[PDB]
Amino acid sequence: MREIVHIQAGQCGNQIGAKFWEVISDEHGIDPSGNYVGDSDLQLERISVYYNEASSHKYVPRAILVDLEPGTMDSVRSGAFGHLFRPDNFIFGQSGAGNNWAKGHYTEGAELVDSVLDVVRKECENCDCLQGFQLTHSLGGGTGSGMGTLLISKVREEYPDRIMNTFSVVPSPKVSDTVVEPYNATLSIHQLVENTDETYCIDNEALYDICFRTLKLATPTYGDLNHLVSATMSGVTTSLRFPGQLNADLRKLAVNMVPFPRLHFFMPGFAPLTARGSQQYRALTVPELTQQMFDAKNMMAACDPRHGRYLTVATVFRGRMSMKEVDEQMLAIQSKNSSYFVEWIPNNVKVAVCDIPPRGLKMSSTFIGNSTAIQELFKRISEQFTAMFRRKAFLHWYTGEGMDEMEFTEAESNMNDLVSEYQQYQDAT
Amino acid sequence: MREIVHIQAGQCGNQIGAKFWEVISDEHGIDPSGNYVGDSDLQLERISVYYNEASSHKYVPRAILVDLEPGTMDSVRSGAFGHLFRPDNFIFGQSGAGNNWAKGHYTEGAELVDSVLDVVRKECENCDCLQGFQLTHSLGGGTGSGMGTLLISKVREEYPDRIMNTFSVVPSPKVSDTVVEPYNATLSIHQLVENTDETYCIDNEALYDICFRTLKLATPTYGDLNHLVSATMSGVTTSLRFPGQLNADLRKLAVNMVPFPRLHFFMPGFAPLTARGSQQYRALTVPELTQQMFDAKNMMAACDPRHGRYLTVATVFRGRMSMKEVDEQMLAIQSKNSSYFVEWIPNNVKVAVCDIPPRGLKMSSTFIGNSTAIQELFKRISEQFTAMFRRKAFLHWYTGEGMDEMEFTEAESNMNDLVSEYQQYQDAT
Amino acid sequence: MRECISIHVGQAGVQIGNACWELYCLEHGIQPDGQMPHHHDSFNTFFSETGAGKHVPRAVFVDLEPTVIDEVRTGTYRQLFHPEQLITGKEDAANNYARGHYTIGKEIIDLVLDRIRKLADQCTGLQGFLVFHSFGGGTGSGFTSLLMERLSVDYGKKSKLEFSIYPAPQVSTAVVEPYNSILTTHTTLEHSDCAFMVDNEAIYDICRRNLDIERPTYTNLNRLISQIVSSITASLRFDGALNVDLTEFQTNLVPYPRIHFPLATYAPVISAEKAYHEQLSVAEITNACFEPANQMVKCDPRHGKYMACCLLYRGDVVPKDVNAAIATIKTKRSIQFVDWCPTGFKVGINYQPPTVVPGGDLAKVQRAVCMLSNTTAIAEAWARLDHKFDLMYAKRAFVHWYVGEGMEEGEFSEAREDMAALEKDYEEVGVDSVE
Amino acid sequence: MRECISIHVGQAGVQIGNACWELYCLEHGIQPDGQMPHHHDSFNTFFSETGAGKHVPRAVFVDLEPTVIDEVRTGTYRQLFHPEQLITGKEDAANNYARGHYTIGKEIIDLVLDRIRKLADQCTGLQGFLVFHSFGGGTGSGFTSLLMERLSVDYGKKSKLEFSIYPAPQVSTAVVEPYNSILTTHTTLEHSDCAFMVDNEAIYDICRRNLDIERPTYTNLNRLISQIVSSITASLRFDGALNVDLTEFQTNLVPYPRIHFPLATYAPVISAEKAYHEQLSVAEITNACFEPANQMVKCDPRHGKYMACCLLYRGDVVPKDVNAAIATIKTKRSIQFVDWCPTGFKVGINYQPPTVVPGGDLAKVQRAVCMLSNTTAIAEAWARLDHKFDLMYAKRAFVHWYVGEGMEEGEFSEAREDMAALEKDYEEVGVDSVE
Ligand SMILES: Nc1nc2c(ncn2[C@@H]2O[C@H](COP(=O)(O)OP(=O)(O)OP(=O)(O)O)[C@@H](O)[C@H]2O)c(=O)[nH]1
Ligand SMILES: Nc1nc2c(ncn2[C@@H]2O[C@H](COP(=O)(O)OP(=O)(O)OP(=O)(O)O)[C@@H](O)[C@H]2O)c(=O)[nH]1
Ligand SMILES: Nc1nc2c(ncn2[C@@H]2O[C@H](COP(=O)(O)OP(=O)(O)O)[C@@H](O)[C@H]2O)c(=O)[nH]1
Ligand SMILES: Nc1nc2c(ncn2[C@@H]2O[C@H](COP(=O)(O)OP(=O)(O)O)[C@@H](O)[C@H]2O)c(=O)[nH]1
Ligand SMILES: [Mg+2]
Ligand SMILES: [Mg+2]
């Protein structure tokens with residue numbers, strides 16, 4: 001019940017999804033062939049929320065992998081944990097978006113979106129009581145951004161009741177992996193604030209810094225970062241994929257973390273994060289995790305929370321623990337950081353507790369903070385956009401697909417409206 | 001009892017029949033020599049409906065293979081599963097119809113039709129309680145079309161009570177395997193709407209598309225298409241060739257699917273259709289088959305049903321299943337597609353259930369839809385005919401055999417009358 | 001059991017027959033002496049058989065100059081032919097239609113018809129006739145007109161296929177080609193079921209450009225045309241996924257009784273050194289067939305409209321690919337059929353691959369396609385002949401030979417009128433319909 | 001399944017192609033005869049395959065002087081190329097743009113386009129075009145202008161990448177380089193998606209200083225440029241941690257439609273004896289790429305502003321180090337991007353290490369980086385050409401050849417105006433914005 005459907009757009013989306021399904025299968029004890037070899041019945045008590053039991057007692061992910069080029073698709077397909085996806089789900093195009101959002105949302109995407117929606121509809125009808133959708137994508141690449149926004153708009157048209165999650169890799173503040181990413185980012189944010197229930201802003205820069213400083217890895221391959229983000233998502237869903245002393249679902253998180261329709265952007269965080277040697281030299285206590293999850297150096301969004309206020313906060317633990325301990329820790333952390341919280345929201349911490357650790361560990365924790373600091377991000381992007389739009393650089397590439405200047409004008413206006421609202425609620429009284 | 005006689009006219013008819021008898025023998029466990037080596041008594045409990053028990057405990061098909069040229073006849077005879085036909089049935093001519101309908105219905109066919117009718121009569125007298133006839137032919141080739149129409153007229157004269165089935169390969173919309181096929185098609189349709197109980201319109205284009213897209217075969221040889229159509233026919237007859245929780249026969253299908261005498265043209269469909277690898281990755285559930293059988297991409301007639309209305313629908317399942325499941329699926333599919341059905345016919349789905357799968361599978365299904373979409377087909381053909389008749393191209397070839405222009409005038413008038421009736425009943429209220 | 005005799009008239013006919021029978025003997029593994037050390041019977045359609053392992057062709061070699069026939073009798077295929085089939089005249093018509101149709105051929109026509117009737121009665125399921133003849137030579141045109149008239153009188157409704165050699169627009173070995181061509185066409189227009197236009201100029205171009213042979217002999221062109229004809233009759237002589245008879249050819253490719261002049265084309269034609277570096281896609285070879293540079297008549301097809309097409313495939317062919325390629329061809333713009341014929345294709349598929357003759361020039365290919373296409377561009381070619389005729393008639397040149405050899409001037413005027421009427425009918429078909 | 005053909009025009013193009021295809025055959029373990037004894041398909045993007053184990057390139061070799069093409073046909077890579085791809089003219093344009101664009105090339109352009117269309121239709125996921133041509137030679141400039149116009153007419157929106165050879169400021173083998181260069185640039189300015197500036201003078205300097213080879217042959221420069229192009233297409237042809245297509249190149253490196261002239265640079269380039277004594281740090285090789293002395297165009301980058309950069313890495317590369325190195329580059333002062341583009345980088349990472357050609361000059365390295373950089377310093381180079389043009393036009397020198405070969409003087413004036421307008425646009429971009 002509460003079946004969840006997974007969508008993966010863009011190269012980053014597909015890679016993250018591959019690592020994610022690896023992690024999920026490892027949690028549920030699922031062989032690479034797709035059949036179960038696990039040991040605990042609770043694995044299969046809710047295997048149906050993410051998997052479908054194909055006949056002859058096999059399991060397939062309920063995912064939909066989308067692309068405009070066969071490269072990364074085939075790369076995943078050849079790799080292990082690839083031969084379990086149902087092959088009909090691999091929808092891909094040939095032209096390639098060329099890292100352009102206009103192609104990914106007007107010209108190229110408009111031709112595959114129909115087949116994608118058909119597969120979506122088939123999967124929806126297969127499910128018993130649909131819970132919602134989770135989209136894994138970037139915001140810079142043309143395919144991910146454009147096609148994901150298109151699919152989100154279409155789905156929200158076809159499902160104004162279900163829940164929607166997006167795991168977008170926001171561009172880093174310092175570096176810029178592409179050149180035209182401000183345009184795609186602005187348009188994608190426009191569509192997201194239009195029709196998304198919640199958005200999980202994530203930066204590669206913060207992941208780099210976490211892997212280097214905290215985990216003491218000077219050689220972080222993209223596999224590591226994708227593994228971390230996948231662990232985060234799995235921790236998000238484990239509250240319903242497994243029993244718990246205080247269970248939660250996606251709907252509860254949306255209710256608790258979104259006081260206003262537009263202000264649904266969240267910075268995540270995970271704990272504990274220990275090196276290979278520096279692990280046994282620390283006590284794995286709930287206060288330790290709690291204090292770990294509250295600092296700049298462990299936020300997966302490159303923005304110091306101290307610059308703003310924590311509008312809302314959610315926290316999902318795992319494994320056996322004592323509730324009173326968690327309550328006391330949350331109380332202390334809310335007391336000591338009094339200046340860092342919204343005045344008119346008392347007791348702004350949502351708590352969920354699972355019974356299963358993410359494996360290997362005794363107790364883990366996931367943090368989802370909706371703060372006012374993230375506005376800086378948008379501010380930054382907005383400024384950049386204006387610059388690149390004042391000289392109308394690269395404007396012809398997007399113009400040639402039917403888009404016009406007024407599109408960018410409206411998107412920038414909308415972004416500045418959102419920034420104004422965020423600042424307004426930051427200094428509310 | 002209820003013995004059935006098989007007629008195969010034209011090259012296509014003979015090839016389809018060869019594949020068909022291969023499939024039937026495989027179902028009943030019949031050695032290529034024609035003797036039984038099977039394992040289940042139910043095979044021989046109704047072996048007599050299609051076979052005759054020749055002495056020394058052998059079995060012969062109750063078929064009548066007809067042609068005007070020895071080529072394909074001899075090809076089949078040399079091939080395996082050929083040495084079981086009784087050789088006296090191989091009636092063939094020497095002149096060849098030359099892909100002309102006039103030859104196949106006036107000059108050349110009039111000389112063999114007598115011997116063919118004699119063999120038909122002998123077989124009829126051999127049978128105990130005749131059920132009806134099934135004719136396997138094309139509509140483009142001269143021999144198939146012309147001689148089949150002639151035999152149909154003669155038989156209906158000699159048997160105004162029995163039942164008649166025709167499996168005609170209708171010309172494809174896009175391609176045209178011959179040049180003069182509109183003329184033969186029009187005349188054949190004239191004779192069919194005259195004296196046929198039911199006609200199973202089938203296109204090679206749709207079969208190509210099904211083999212390529214669904215089954216993932218880029219190299220479809222005619223053997224594959226003939227195998228598919230033969231599987232369809234076998235599924236049609238299995239309801240009486242085997243026991244069933246809700247059995248049906250040809251007469252029941254004719255009663256249910258033919259509300260009006262002329263409107264007896266049906267588009268078939270089959271399910272499930274899975275690739276070699278993509279099979280285990282799907283659950284073989286009755287809802288899955290049901291939803292599979294209702295879409296454009298699985299109709300053996302090249303016409304989108306959404307363009308018209310499903311006047312009537314019949315569905316024959318096989319293997320063990322739960323009746324309530326089928327009932328619920330039919331209910332849901334009739335509810336969700338409310339705009340796609342005739343208003344004044346409530347509950348327009350006929351259901352039959354067998355106990356034996358077609359081997360290899362757990363459960364299969366066959367769909368026979370009488371829709372208003374197929375009129376487009378005729379419309380298309382009609383237009384083409386008019387074109388080729390306005391300039392009177394090729395008219396001399398048919399004229400030279402005694403046929404006259406008024407023949408084509410009447411046939412086209414009749415076809416347009418049928419089209420008018422089909423459209424009239426499409427938008428009835 | 002579906003027999004079809006072969007008739008070779010004139011020097012061109014006999015040489016082409018030499019090539020064709022070499023190709024046939026290679027196809028069925030038959031020694032030159034009729035012995036032999038997927039196949040069905042197959043060879044029965046063109047080979048008759050005696051008690052021993054010796055088979056003979058169902059062919060007739062007729063000529064008025066004994067030179068080439070004597071070469072055949074001395075050729076390596078000596079033991080093959082039944083000696084009665086080698087009818088030889090004494091004095092050739094010498095590029096004079098009158099001699100070839102009134103004076104000389106009139107005196108052996110009866111013996112020729114006698115041998116024809118013998119071979120017909122010995123056969124059972126006779127499909128029809130195959131005539132191999134040039135157009136300019138006196139024997140070819142004259143004897144062919146006479147033979148077609150006689151056959152139509154005797155064998156009313158049976159297949160009669162012709163393989164003329166259309167005189168090139170610029171390469172004319174004879175000088176009086178227009179006269180003989182006009183006369184033989186005006187006569188044969190009312191008897192021939194279906195002709196097959198081929199010209200030597202186009203074959204020269206193809207041999208040089210594609211096969212990369214700069215200096216070809218007549219043997220090479222004969223090999224090419226033999227390959228074409230073998231592809232034509234492979235359906236009768238072999239098992240295919242979609243077979244086709246000559247009756248189907250005449251039915252499909254002839255919309256109007258007079259307009260029965262389809263031109264030939266074949267593919268693939270590449271050198272053995274160039275056999276690699278190309279996979280020979282079925283769509284690829286279809287496009288090759290439809291290219292104006294691969295046709296065997298010097299007429300730009302883009303100047304006319306394909307009234308009908310017939311594509312015959314042999315080898316490892318799959319129907320769906322054929323369907324796709326034909327659809328793609330129909331999509332293209334420069335190929336504009338007549339509006340009133342929306343179905344401009346008949347297809348034929350065979351399993352037997354084409355066989356390459358050792359000591360040949362082509363390369364062993366797994367698939368092959370022959371296109372017999374009846375178009376409207378051919379009309380223009382007639383115009384050229386028309387022009388020349390008028391010239392050679394405006395001065396009454398060369399007339400005296402024809403007059404003094406059993407002909408009248410009003411006959412020439414009538415032949416010109418008939419050719420003009422045919423061109424008029426071609427134009428009339430070329431127009432589009434209203435409403 | 002993402003194909004991209006190669007087109008080689010002129011002597012420079014053909015020799016560069018020789019080197020490039022040697023490098024490719026080495027990359028995929030392909031014999032010169034197309035046989036082969038992490039990899040995916042990979043080679044499918046540039047190699048087509050027939051039934052046997054024989055693969056052919058998707059290349060077109062066109063020239064007007066048969067010398068070099070004949071050398072190729074006799075080269076060790078003889079069995080490789082499909083013989084139809086080796087289109088040879090008869091008389092070279094002889095460093096005359098008019099001949100190469102109006103007189104001679106105009107008469108084989110149709111056949112070239114025919115072969116192009118054949119190879120395009122045989123492919124499915126065609127990404128775009130790769131043109132290899134010089135700038136001074138008559139065939140190069142003329143035939144290239146004609147080819148680009150034809151392709152833009154036929155294939156509207158597909159990738160069209162060019163590899164010009166920018167004439168050196170001082171080493172000019174020809175004498176009329178400014179005329180041909182100005183004409184071909186004025187023409188190609190409205191069709192080319194993205195050019196790739198490279199010059200022989202800079203490559204001489206690099207070969208002497210870094211590789212420590214004092215006396216290099218053209219083969220060595222060809223090897224270098226082949227390495228560059230292989231790095232460019234490795235993303236398509238191999239699996240990488242962050243792949244990139246040519247569409248991304250044109251999107252990222254072209255801010256304005258006219259300004260699409262990025263220059264190339266590659267690293268590491270050290271001798272095998274000097275392969276040791278340096279660990280080849282990723283930041284180290286990045287700094288090497290950004291050094292003005294390692295660029296392949298004789299233009300001091302410190303005189304312009306990097307409007308865009310594209311760094312493509314292959315081998316044992318880790319993203320965080322790339323990020324750190326790029327941040328450090330952004331920190332430095334002498335690298336001043338345009339104010340209005342704060343994001344001046346697109347990155348590409350591949351797993352396949354670069355392959356060193358046996359008998360080569362470079363050393364086997366574990367990592368490599370190619371930088372395609374669109375800067376503003378290139379504008380100055382145009383000025384130099386401008387200058388020379390004016391000189392050779394102030395005296396009307398050499399004009400008579402171009403005039404008498406199908407050109408008018410007003411065309412020269414128009415080309416000068418267009419080059420001046422381009423330089424004006426470069427200056428206009430060079431300024432900073434107010435507010
Ligand atoms: N394609 C082809 N044509 C040939 C060949 N040999 C002769 N011809 C044709 O024959 C013509 C020469 O005149 P013919 O038709 O042979 O005259 P004939 O057959 O000798 O009969 P007479 O005119 O009475 O001598 C030329 O126009 C050629 O087109 C050949 O080997 N191949
Ligand atoms: N980098 C490099 N450039 C070359 C090489 N070979 C020739 N070139 C260039 O070719 C130019 C000589 O004129 P080309 O462009 O080759 O003239 P072409 O290609 O022979 O065409 P035509 O001018 O018509 O003869 C020189 O300026 C060189 O820059 C080479 O091996 N490497
Ligand atoms: N965190 C993370 N980000 C990635 C990964 N791969 C690609 N990306 C990001 O995805 C963006 C490229 O978008 P991409 O999907 O490749 O382009 P598209 O095809 O147009 O959607 C870059 O900005 C990268 O930062 C990965 O493995 N992990
Ligand atoms: N589906 C299918 N159709 C066939 C097959 N063989 C022939 N046909 C069709 O039959 C038609 C030819 O008719 P044919 O019987 O050969 O000519 P006839 O001798 O005059 O009756 C063509 O339009 C083909 O589409 C086959 O194996 N499968
Ligand atoms: Mg002669
Ligand atoms: Mg040159």
# chains A, B, ... in the order shown; residues from 1 in each chain; ligands from 1
$ select_by_dssp --residues "range 26-176 of chain C" --states "strand (DSSP E)" --output "VMD selection string"
chain C and resid 47 to 49 55 to 57 59 to 63 86 to 88 128 to 132 159 to 163
$ residues_around --residues "residue 194 in chain D" --least-positions-apart "2" --cutoff "9 Å" --atoms "only C-alpha atoms" --output "MDAnalysis selection string"
chainID D and resid 159:163 192 196 249:250 253:254 259:262
$ residues_near_ligand --ligand "ligand 1" --cutoff "6 Å" --atoms "only C-alpha atoms and all ligand atoms" --output "VMD selection string"
chain C and resid 10 to 12 15 92 to 95 134 to 140 165 173 200 218 to 219 221 to 222
$ write_last_selection --atoms "N, CA and C atoms" --output "CSV table (one decimal), in the first residue's frame"
chain,number,residue,atom,x,y,z
C,10,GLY,N,17.7,-13.1,-84.3
C,10,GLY,CA,18.7,-12.1,-84.6
C,10,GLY,C,20.0,-12.4,-83.8
C,11,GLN,N,21.0,-11.7,-84.2
C,11,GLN,CA,22.3,-11.9,-83.6
C,11,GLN,C,22.3,-11.5,-82.1
C,12,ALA,N,21.7,-10.4,-81.8
C,12,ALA,CA,21.6,-10.0,-80.4
C,12,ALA,C,20.9,-11.0,-79.6
C,15,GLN,N,23.2,-14.1,-79.0
C,15,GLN,CA,24.3,-13.9,-78.0
C,15,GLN,C,23.7,-13.7,-76.6
C,92,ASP,N,21.1,-13.0,-94.5
C,92,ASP,CA,20.4,-12.2,-93.5
C,92,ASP,C,19.7,-11.0,-94.2
C,93,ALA,N,18.7,-10.5,-93.4
C,93,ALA,CA,17.9,-9.4,-93.9
C,93,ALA,C,18.7,-8.1,-94.1
C,94,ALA,N,19.9,-8.1,-93.6
C,94,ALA,CA,20.8,-7.0,-93.8
C,94,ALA,C,20.2,-5.7,-93.4
C,95,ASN,N,19.8,-5.6,-92.1
C,95,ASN,CA,19.3,-4.4,-91.5
C,95,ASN,C,18.1,-3.8,-92.4
C,134,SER,N,16.8,-7.8,-81.0
C,134,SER,CA,17.2,-6.4,-81.1
C,134,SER,C,16.0,-5.6,-81.7
C,135,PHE,N,16.3,-4.4,-82.0
C,135,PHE,CA,15.3,-3.5,-82.7
C,135,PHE,C,15.8,-3.0,-84.0
C,136,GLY,N,17.0,-2.8,-84.2
C,136,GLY,CA,17.5,-2.2,-85.5
C,136,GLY,C,17.8,-3.2,-86.6
C,137,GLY,N,18.3,-4.4,-86.2
C,137,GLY,CA,18.6,-5.3,-87.2
C,137,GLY,C,17.4,-5.8,-88.0
C,138,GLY,N,17.7,-6.1,-89.3
C,138,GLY,CA,16.6,-6.5,-90.2
C,138,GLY,C,15.9,-7.8,-89.7
C,139,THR,N,16.7,-8.8,-89.4
C,139,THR,CA,16.1,-10.1,-88.9
C,139,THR,C,15.3,-9.8,-87.6
C,140,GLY,N,15.9,-9.2,-86.6
C,140,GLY,CA,15.2,-8.9,-85.4
C,140,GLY,C,13.8,-8.3,-85.6
C,165,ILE,N,15.9,-4.2,-77.7
C,165,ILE,CA,17.1,-3.4,-77.4
C,165,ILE,C,16.8,-2.1,-78.0
C,173,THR,N,24.8,2.0,-84.1
C,173,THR,CA,25.7,1.2,-84.9
C,173,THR,C,25.2,1.1,-86.3
C,200,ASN,N,21.9,-0.3,-74.8
C,200,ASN,CA,23.3,-0.6,-74.6
C,200,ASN,C,24.1,0.6,-74.1
C,218,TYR,N,30.8,-7.0,-75.5
C,218,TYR,CA,29.3,-7.4,-75.5
C,218,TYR,C,29.0,-8.5,-74.6
C,219,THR,N,30.0,-9.4,-74.3
C,219,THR,CA,29.7,-10.5,-73.3
C,219,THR,C,29.3,-9.9,-72.0
C,221,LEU,N,27.7,-7.0,-71.2
C,221,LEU,CA,26.3,-6.6,-71.3
C,221,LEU,C,25.3,-7.8,-71.3
C,222,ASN,N,25.7,-8.8,-72.1
C,222,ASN,CA,24.9,-10.0,-72.1
C,222,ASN,C,24.8,-10.6,-70.7
$ closest_residue --among "D:84, D:409, D:70, D:27" --to "chain C" --atoms "only C-alpha atoms"
D:84
$ residues_around --residues "range 290-300 of chain D" --least-positions-apart "2" --cutoff "7 Å" --atoms "only C-alpha atoms" --output "NGL selection string"
:D and (197-199 or 202-203 or 206 or 263-265 or 286-288 or 302-303 or 377-378)
$ decode --residues "range 304-321 of chain D" --atoms "N, CA and C atoms" --output "mmCIF file, in the first residue's frame"
data_model
loop_
_atom_site.group_PDB
_atom_site.id
_atom_site.type_symbol
_atom_site.label_atom_id
_atom_site.label_comp_id
_atom_site.auth_asym_id
_atom_site.auth_seq_id
_atom_site.Cartn_x
_atom_site.Cartn_y
_atom_site.Cartn_z
ATOM 1 N N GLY D 304 43.299 39.537 -23.979
ATOM 2 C CA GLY D 304 41.866 39.433 -24.155
ATOM 3 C C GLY D 304 41.181 38.897 -22.920
ATOM 4 N N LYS D 305 39.891 38.608 -23.029
ATOM 5 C CA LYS D 305 39.111 38.113 -21.907
ATOM 6 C C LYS D 305 38.454 36.803 -22.297
ATOM 7 N N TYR D 306 38.611 35.792 -21.453
ATOM 8 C CA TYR D 306 38.031 34.481 -21.716
ATOM 9 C C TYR D 306 36.523 34.584 -21.581
ATOM 10 N N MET D 307 35.828 34.672 -22.712
ATOM 11 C CA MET D 307 34.373 34.668 -22.654
ATOM 12 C C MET D 307 33.839 33.309 -22.234
ATOM 13 N N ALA D 308 34.515 32.229 -22.613
ATOM 14 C CA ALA D 308 34.076 30.910 -22.185
ATOM 15 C C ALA D 308 35.245 29.944 -22.258
ATOM 16 N N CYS D 309 35.176 28.899 -21.442
ATOM 17 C CA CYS D 309 36.194 27.865 -21.423
ATOM 18 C C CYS D 309 35.517 26.511 -21.324
ATOM 19 N N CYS D 310 36.153 25.500 -21.903
ATOM 20 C CA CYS D 310 35.640 24.137 -21.834
ATOM 21 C C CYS D 310 36.822 23.206 -21.623
ATOM 22 N N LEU D 311 36.906 22.611 -20.440
ATOM 23 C CA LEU D 311 38.004 21.729 -20.071
ATOM 24 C C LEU D 311 37.500 20.297 -20.086
ATOM 25 N N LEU D 312 38.158 19.444 -20.860
ATOM 26 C CA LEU D 312 37.756 18.052 -21.019
ATOM 27 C C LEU D 312 38.889 17.167 -20.531
ATOM 28 N N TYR D 313 38.611 16.370 -19.510
ATOM 29 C CA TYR D 313 39.611 15.524 -18.884
ATOM 30 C C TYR D 313 39.347 14.065 -19.207
ATOM 31 N N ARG D 314 40.428 13.308 -19.343
ATOM 32 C CA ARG D 314 40.316 11.878 -19.559
ATOM 33 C C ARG D 314 41.419 11.183 -18.784
ATOM 34 N N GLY D 315 41.132 9.961 -18.362
ATOM 35 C CA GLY D 315 42.029 9.216 -17.511
ATOM 36 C C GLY D 315 41.584 9.212 -16.063
ATOM 37 N N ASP D 316 42.556 8.976 -15.184
ATOM 38 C CA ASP D 316 42.306 8.847 -13.748
ATOM 39 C C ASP D 316 42.096 10.236 -13.154
ATOM 40 N N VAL D 317 40.861 10.719 -13.258
ATOM 41 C CA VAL D 317 40.500 12.056 -12.807
ATOM 42 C C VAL D 317 39.411 11.943 -11.750
ATOM 43 N N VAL D 318 39.451 12.839 -10.771
ATOM 44 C CA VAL D 318 38.513 12.852 -9.657
ATOM 45 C C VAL D 318 37.866 14.228 -9.611
ATOM 46 N N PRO D 319 36.537 14.322 -9.516
ATOM 47 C CA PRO D 319 35.875 15.626 -9.697
ATOM 48 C C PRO D 319 36.289 16.697 -8.705
ATOM 49 N N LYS D 320 36.530 16.336 -7.445
ATOM 50 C CA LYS D 320 36.819 17.354 -6.440
ATOM 51 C C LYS D 320 38.096 18.106 -6.768
ATOM 52 N N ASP D 321 39.117 17.388 -7.231
ATOM 53 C CA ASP D 321 40.362 18.040 -7.610
ATOM 54 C C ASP D 321 40.139 18.995 -8.768
#
